[PDB]
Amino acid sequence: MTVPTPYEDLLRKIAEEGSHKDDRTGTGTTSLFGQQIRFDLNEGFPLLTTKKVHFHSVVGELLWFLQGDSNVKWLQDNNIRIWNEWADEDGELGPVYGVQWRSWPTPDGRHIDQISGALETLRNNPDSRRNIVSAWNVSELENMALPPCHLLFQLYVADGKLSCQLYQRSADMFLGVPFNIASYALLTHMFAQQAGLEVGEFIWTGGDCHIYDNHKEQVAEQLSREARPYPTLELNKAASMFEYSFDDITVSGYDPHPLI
């Protein structure tokens, strides 16, 4: 009854107060800098209901991040086409997202697995104030098809509940952001579950938060709609952070407003 809409509120605020920039290469935006959206994960899985979000794509991109794979193959073979634009002829991206997550290179063999590291500190030292995972490796940036947008996150535990905050440097509010949210919300459910914890909040923090001019009307229509209760995440405990699979991950009671 009046479902919280912190994503739609930001969308709305940017449209009303954002600054307009125009290139003029036909890529006009209105934007705000340094904004935040928070969800209480216990009150529902934050897959938006004011338009449809393709959960299968969310799920599979995350799984692929988690494998440490710079090759787009497994994605194309599950009909996720998101990265296709950026791949070189052999399907390679250079060491984007999951390569940094799983194997940030040391000068000397040479891999730091931030994800195992994060989970282990969850288990042994949940009070840690340095439980952070970063993809923003300044010296590896030149090798990536492009530098990471969702670039760093931090874990936190209070009263047995796991919270996660994301720093995202650039946010296409209409197309990109609903996917980012679902996807880190799911990551945090994966951590909590493996660490034997409950879920707290997902906090999304944005740098340049922009609505493309070419999305003006789609935004006004999304914004004219009433939110429905969020769905609920059905997550089957895989053996480890790296052995989840599409079959473990469903959302139930998902009731999105129709296109467009």
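Each residue number is its position in the shown sequence, starting from 1.
Averaged over CA atoms, B-factors in the entry run higher in 46-54 than in the other of 46-54 and 200-208. The mean C-alpha temperature factor is higher for 103-111 when 103-111 and 185-193 are set side by side.
In this entry, the residue among 78, 163, 139, 170 with the greatest C-alpha B factor is 78. Sorting the modelled residues of the chain by their CA temperature factor places residue 156 in the lowest third. In the PDB entry, residue 14 places in the lowest third of its chain by CA B-factor. Among the modelled residues of its chain, residue 35 has a C-alpha B-factor that falls in the lowest third, as given in the PDB entry.
In the PDB entry, residue 86 places in the highest third of its chain by CA B-factor. Among the modelled residues of its chain, residue 61 has a C-alpha B-factor that falls in the lowest third, as given in the PDB entry.
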